[PDB]
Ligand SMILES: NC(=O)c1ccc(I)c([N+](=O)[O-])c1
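Quick setup: one chain, the form deposited without this ligand, written in structure tokens, and binding and motion questions come after.
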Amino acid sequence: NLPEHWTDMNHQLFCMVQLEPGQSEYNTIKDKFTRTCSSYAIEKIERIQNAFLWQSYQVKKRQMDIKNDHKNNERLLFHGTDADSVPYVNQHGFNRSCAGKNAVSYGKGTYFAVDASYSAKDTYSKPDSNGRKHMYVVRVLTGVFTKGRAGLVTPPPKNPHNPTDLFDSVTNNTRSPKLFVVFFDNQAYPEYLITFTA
């Protein structure tokens, strides 16, 4: 059930795995980050191996793939957060109940950025006492999306006469999406933690 290239956790449910520079797995994340954050420097990249979060996320992905009748439902996005939140996110993922109000709100949910530069703002990846900034790389089930609105506590219906048949996520702009908001647990898998500095 767990991915075959994960480290053997021998009966453990959770591990953070430090990646090596020069491995394709490290370099792809570094390249994705540096595309918009070349003024910052990466300290380390850790692969998050969380068996329970993976299981629940992969069930939601299978369900969305069935429902939407295509496999274009997942995006790899960024999430900047404070040092105090990292232990919780590593273990329990992204909790909308703990989410900050975004400077431009498209709904009351968890925000994920297309560009690492957005998540790199001190407002999100708050520097800790040692000047370390923290950004997740996240598999997000964006699915079918529409432009959000500040009042949303769930994605809006696709059709106002069928209020329970929802968009999967919302965005700031459907033609040029730069942020996505999700409103349900296990719709986002924290896959890598980037620790970085100025």
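One rule holds for the numbers: they count along the sequence shown, beginning at 1. Only residues modelled in both forms are compared. If you superpose the two forms and keep the largest set of C-alpha atoms that fall within 1.5 Å, you have the rigid core.
Another form, the form solved in complex with this ligand, is not on view; read the next lines as being about it.
The pocket of the unliganded chain is judged open, since this ligand, transferred from its pose in the bound PDB entry by superposition of the C-alphas around the site, places no atom within 2.4 angstroms of any backbone or C-beta atom. Using a 4.5 Å cutoff between non-hydrogen atoms, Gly93 does not count as a contact of this ligand in the bound PDB entry. For the chain shown alone, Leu179 is a contact residue for this ligand in the bound PDB entry, at least one non-hydrogen atom being within 4.5 angstroms. The putative spot formed by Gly80, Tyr111 and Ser119 is fully lined by this ligand in the bound PDB entry; each residue has a non-hydrogen atom within 4.5 angstroms of it.
Residue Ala103 is the only member of 84-110 with a non-hydrogen atom no more than 4.5 angstroms from this ligand in the bound PDB entry. The residue that stands out in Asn73, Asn102, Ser85, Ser117 is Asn102, the single one whose Cα moves by 2 angstroms or more between the shown form and the other one on a rigid core fit. In the bound PDB entry, the CA atoms of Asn102 and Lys32 sit farther apart than in the displayed form, by at least 3 angstroms. Compared with the form shown here, the C-alpha atoms of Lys30 and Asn102 sit at least 3 Å farther apart in the bound PDB entry.
Legend: core-fitted overlay between the shown form and the other one; highlighted is 101-104, the single run of at least 3 consecutive residues with CA shifts of 2 angstroms or more.
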